[PDB]
Each structure stands twice: as structure tokens, then as C-alpha cells.
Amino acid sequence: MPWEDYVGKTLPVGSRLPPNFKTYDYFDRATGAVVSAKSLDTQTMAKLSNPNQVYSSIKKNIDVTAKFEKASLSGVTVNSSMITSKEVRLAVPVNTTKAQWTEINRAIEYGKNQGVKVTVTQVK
């Protein structure tokens, strides 16, 4: 199943936000934990071969999750006062090179000091 939907399997019902809700894909309506489901397939991972390209893509997401103040769209309103924790659920393929894992782990640590938990899952 798609990565975004797979992320929902481990989360309480009603958590799924309407499409393109900034960077947030899921919202625990009771606890306030937000989840952003990001995925990198084999082709995109291969495409971002130049240094810092992988780090950028992830950092680009991290900044949005962290600098989030308020979003209101598709008849739904969410602001940062509601959010108690922020997390990026990242899917990475098997052809991820060591050099690319270096960028991944770098973004993980960047996000953590940005107050964002970056959780990486290796997809077969």
C-alpha cells in the first residue's frame, strides 16, 4: 500500500488529514501528535545523487513541520497550539548509498534540534 496509507495503519482512526494539509498528513485528534509521511522511492533516491540533495529534500520538510503556526483548508483548522509533538515518518529504498545515509542521519539530527522527530523506515 502507499506509504502515506501505511503510516495510518499504526495510528488511531480519524487521524488522517485532508490531502495537501501543508506537510502534516496525520493528526492525533486527542493527544496532538502530528505526523508527516514522507517517502523516497528508488528512482527519486537515484535522482538526488548529488551531495546535500537528499539532506535538502528532508530538511525542506522538517522546516515546514517546525515553522508551522496555523493552517486552515478543506474546511479544517489546525494551529501550533494544538500540536504537542511533531514527527516525520520517512521511507527510504534499498539502493540508498552510504553517502546518502550520511545525509539522512544528518537530517535526523537536524530535525531533532529543530524539535522534530525524524523516523526512518527501510522499504524493500
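Heads up: residue numbers just count along the shown sequence, starting at 1.
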Stretch with the higher entry mean CA B-factor, where the candidates are 76-84 and 41-49: 41-49
Between 100-108 and 15-23, the record assigns the higher mean Cα B factor to 15-23
Chain-wide C-alpha B factor ranking for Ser36, given as lowest, middle or highest third: lowest
Chain-wide C-alpha B factor ranking for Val64, given as lowest, middle or highest third: highest
Check where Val92 lands among this chain's C-alpha B-factors and tell me if it's the lowest, middle or highest third. middle
